[PDB]
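J.: First piece of the complex, coordinates kept as in the full assembly:
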Amino acid sequence: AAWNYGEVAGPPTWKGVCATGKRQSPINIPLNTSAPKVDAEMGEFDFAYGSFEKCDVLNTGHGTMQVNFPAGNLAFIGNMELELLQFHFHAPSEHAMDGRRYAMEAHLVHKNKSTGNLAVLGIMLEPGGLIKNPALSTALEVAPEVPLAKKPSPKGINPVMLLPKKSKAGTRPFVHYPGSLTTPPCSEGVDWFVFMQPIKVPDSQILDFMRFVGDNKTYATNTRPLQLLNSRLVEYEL
């Protein structure tokens, strides 16, 4: 009949810009579309991330844990310098590609040192991996139980492990578009770069994360529904 489970009741009740905004994330990312793809002409990312950062792991109390970093983790793109602030995860992925979401999505949030605005790199996490992603692994182990608490992690964290390998041609193809934080206050003016290439994590880790989101008592999600592109352009650095 006309009964369903439906989507989580949360997001559609969010107020503020979350409802009125016209530049909201996440959005769909067409990549097998018939429409012309506007090249972002921005170059390739160059990453200067540390290999054993010492991090605070916060429990955001909204599902994901948040691994915070000290300065000196820099990513370079389009003549700007982005500094890494923190990473966290969402399951399922928040962006889709051609309408389809992935098992998880890592978000690596940066400050644009050039501008002061927020930049966010999104990486899709796919099931099927056989090597435990140590960044995600450490972030699940150190994650404090009490919401809004934060323990320092004993192990180091290499955030490079949440980025795609360079392809056979040396690229890390991506798409770029202006958007917003995916959680309240859903603030706009955020620059989004989303990597086309997923990383393969093991299925155990994805379930571990959904378990974390469900507070070790069930399996839950923490993703916002797709938003309307509106008059925005997605730019492709393939």
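T.: Perfect, thanks for sending it. Residues are numbered from 1 along each chain as shown, chains lettered A, B, ... in the order given.
J.: For the rest of this, base every contact and every neighbour count on C-alpha atoms.
T.: OK.
J.: Work out which residue lies at the spatial centre of chain A.
T.: Centroid-nearest residue in chain A, with C-alpha atoms, centre = their mean: residue A:107, separated by 2.2 Å.
J.: wait, what's in contact with the residue nearest to residue A:202 when sequence neighbours are not counted?
T.: Computed as C-alpha to C-alpha, 6 or more residues apart in numbering, the closest residue to residue A:202 that is not its neighbour in sequence is residue A:129, at 4.1 Å. Residue A:129 is in contact with A:200, A:201, A:202, A:203, counting by C-alpha atoms under 8 Å, 6 or more residues apart in numbering.
J.: Kindly report the same for residue A:57.
T.: Residues in contact with residue A:57 (C-alpha under 8 Å, 6+ apart) are A:65, A:66, A:67, A:68, A:139, A:142, A:143, A:144, A:150, A:151, A:152, A:153.
J.: Might one say that the last one is in contact with residue A:56?
T.: Yep, that's residue A:153 we're talking about. Yes - using C-alpha atoms under 8 Å, residue A:153 is in contact with residue A:56, at 6.1 Å.
J.: Next SSE downstream of the one helix or strand the residue nearest to the centre of chain A maps to?
T.: For residue A:107, the host element (DSSP states H and E) is strand A:104-112. The helix or strand immediately downstream of strand A:104-112 is strand A:118-126, counting by DSSP H and E.
J.: Name the strands paired with that next one and say parallel or antiparallel.
T.: strand A:104-112 (antiparallel), strand A:188-195 (parallel), strand A:199-200 (parallel) (DSSP bridges).
J.: before we move on, the earlier item: more neighbours: residue A:153 and residue A:56, which one.
T.: Set side by side, residue A:153 and residue A:56 show more neighbours around residue A:56, with 21 against 18, by other C-alpha atoms under 10 Å.
J.: now that one, nearest residue through space, not along the chain?
T.: With C-alpha to C-alpha, 6+ apart, the residue lying closest to residue A:56 is residue A:152, at 4.2 Å.
J.: got the contact list for the one you found?
T.: A:54, A:55, A:56, A:57, A:142.
J.: cutoff 7 Å now
T.: Counting by C-alpha atoms under 7 Å, 6 or more residues apart in numbering, residue A:152 touches A:55, A:56, A:57.
J.: Can you lay out those as JSON lines showing distance to residue A:4 and secondary structure?
T.: Converted to JSON lines, those look like this (distance: C-alpha to C-alpha, whole Å; DSSP: H, G, I helix; E, B strand; the rest coil):
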{"residue": "A:55", "distance to residue A:4": "42", "secondary structure": "coil"}
{"residue": "A:56", "distance to residue A:4": "40", "secondary structure": "strand"}
{"residue": "A:57", "distance to residue A:4": "37", "secondary structure": "strand"}
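J.: As TSV, those residues with distance to residue A:163 would be great.
T.: Shown next, in TSV, are those (distance: C-alpha to C-alpha, whole Å):
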residue	distance to residue A:163
A:55	18
A:56	20
A:57	19
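J.: which of those residues lies closest to residue A:7?
T.: Taking C-alpha to C-alpha as the measure, residue A:7 lies nearest residue A:57 of the contacts of residue A:152, at 28.7 Å.
J.: Report the beta-bridge partners for that closest one.
T.: Going by DSSP bridges, residue A:57 forms beta bridges with residue A:67, residue A:151.
J.: Now do it against residue A:66, distance only.
T.: Using C-alpha to C-alpha, to the nearest Å, residue A:57 is found at 6 Å from residue A:66.
J.: Same question for residue A:214.
T.: Residue A:214 is 16 Å from residue A:66, by C-alpha to C-alpha.
J.: And residue A:207, by the same measure?
T.: Distance from residue A:207 to residue A:66, by C-alpha to C-alpha: 17 Å.
J.: Looking at these two, which is more packed in?
T.: Legend: neighbour count by other C-alpha under 10 Å for residue A:207 and residue A:66, higher for residue A:66 (24 against 16).
J.: As chain B, please add this:
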Amino acid sequence: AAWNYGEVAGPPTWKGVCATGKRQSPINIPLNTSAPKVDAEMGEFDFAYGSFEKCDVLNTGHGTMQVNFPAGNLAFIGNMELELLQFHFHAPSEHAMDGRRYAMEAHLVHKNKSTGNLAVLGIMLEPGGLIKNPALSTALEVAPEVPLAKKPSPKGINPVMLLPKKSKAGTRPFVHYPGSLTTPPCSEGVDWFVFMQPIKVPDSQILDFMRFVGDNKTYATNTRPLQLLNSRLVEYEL
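T.: That brings us to chain B, laid onto the chains above:
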């Protein structure tokens, strides 16, 4: 302000008995409780599932697939004859054990020949299994992806495979309680038997099922919240 993702939005708005009835499923099943427990004194289940070749797999448009059986598969418990009509699944589990849901719950739905009620057997699926479960596997393989569509299974689907292994005393401990269907119209007078011993399953299959629940484009759940026990008691045949 405060905000969350929440749970799915559909269930709390299901109407009719879903809302008014006082014998609804699922429920939390205490086990590590001081409280004394009423023994079911019903003996152990015996299974005579035979006519499992040539059965249909149906996509219900409500998340799970449903493996329909022909007449002739019987289960016996107490003085009672349970005729298997179909099985399907939920992720995460619908019933909880001390407030803990498992990754999946299998529901084998029978007609109780002896009372003219339905009877539902309920098995928890945990991750961490080394062998694909064959019933769940074929269910996933054969299940048509188009909603409302059904397809005959080429291979035979042995429903016994969804039952936990006998304990080191020859038994499969379970709890019994009168409840309802977990989906609308939530009709009451369903006999629930929930087994206490989960079956371990490869994480691949759990994500594959959550994938199926998500129209093969996301990962989603299909579970109703827990329901008040009210006047009932839970019978334990441990």
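J.: Revisit the contacts of residue A:129 given that chain B is now included?
T.: Residues counted as contacts of residue A:129 (C-alpha atoms under 7 Å, 6 or more residues apart in numbering or on different chains) are A:200, A:201, A:202.
J.: tell me which of these is nearest to chain B?
T.: The nearest member of these to chain B, counting by C-alpha to the nearest C-alpha, is residue A:202 at 8.9 Å.
J.: ok so, going back, among the contacts of residue A:129, who's most crowded?
T.: residue A:201 (23 neighbours; other C-alpha atoms under 10 Å in any protein chain shown).
J.: That one against residue A:133, yeah?
T.: Yes - when contacts are counted by C-alpha atoms under 7 Å, residue A:201 is listed as touching residue A:133 (6.0 Å).
J.: Name the residues of chain A found near chain B, please.
T.: Residues of chain A found near chain B (C-alpha under 7 Å from any C-alpha of the partner chain) are A:3-11, A:14, A:62, A:92, A:99-103, A:203-204, A:217-219, A:222.
J.: So which elements touch the helix ranked longest in chain A?
T.: Looking across chain A with DSSP state H, the single longest helix is helix A:203-213. The helices and strands touching helix A:203-213, judged by 3 or more C-alpha pairs under 7 Å, 6 or more residues apart in numbering or on different chains; DSSP states H and E, are helix B:203-213.
J.: Could you identify the helix or strand that succeeds the helix it packs on?
T.: Per DSSP H and E, the first helix or strand lying C-terminal to helix B:203-213 is strand B:235-237.
J.: Pull the residues that contact that following strand.
T.: With C-alpha under 7 Å, 6+ apart as the test, strand B:235-237 has contacts from B:37, B:38, B:39, B:40, B:41, B:173, B:174, B:175, B:176, B:177.
J.: In PyMOL, select just the buried ones from the residues you listed.
T.: PyMOL command restricting those to the buried ones, with burial defined by 16 or more other C-alpha atoms under 10 Å in any protein chain shown:
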select buried, chain B and resi 40+173+174+175+176+177
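J.: In strands, which of the contacts of strand B:235-237 fall?
T.: If you go by DSSP state E, these have B:38, B:39, B:174, B:175, B:176, B:177 in strands.
J.: would you turn these into CSV with distance to chain A?
T.: Shown next, in CSV, are the ones in strands among the contacts of strand B:235-237 (distance: C-alpha to the nearest C-alpha, whole Å):
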residue, distance to chain A
B:38, 26
B:39, 27
B:174, 21
B:175, 20
B:176, 22
B:177, 22
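J.: Count the neighbours of residue A:86 for me.
T.: Number of residues near residue A:86 (other C-alpha under 10 Å) recorded here: 21.
J.: coming back round to it: helix A:203-213 and the strand holding residue A:107, what's the angle between them?
T.: 70 degrees (axes from the mean of the first three to the mean of the last three C-alpha atoms, to 10 degrees).
J.: hmm, who's touching strand A:104-112?
T.: Contacts for strand A:104-112 (C-alpha under 7 Å, 6+ apart): A:81-94, A:117-126.
J.: now swap in stretch A:167-175 and tell me
T.: A:44, A:164, A:166, A:193, A:194, A:195, A:196, A:234, A:235, A:236, A:237, A:238.
J.: tell me which of these is nearest to chain B?
T.: So of these, ranked by how close each gets to chain B (C-alpha to the nearest C-alpha), first place is residue A:196, at 16.5 Å.
J.: Neighbours of the closest one, how many?
T.: With other C-alpha under 10 Å as criterion, residue A:196 counts 20.
J.: if we can go back for a sec, the residue nearest to the centre of chain A - nearest residue in space that isn't next to it in sequence?
T.: In space, and not counting its chain neighbours, residue A:107 is closest to residue A:122: 4.7 Å by C-alpha to C-alpha, 6 or more residues apart in numbering or on different chains.
J.: buried ones in the longest strand that chain A contains?
T.: Across chain A, the longest stretch assigned as strand under DSSP E is strand A:80-90. Residues of strand A:80-90 classed as buried: A:81, A:82, A:83, A:84, A:85, A:86, A:87, A:88, A:89, A:90 (neighbour count, 16+ other C-alpha under 10 Å).
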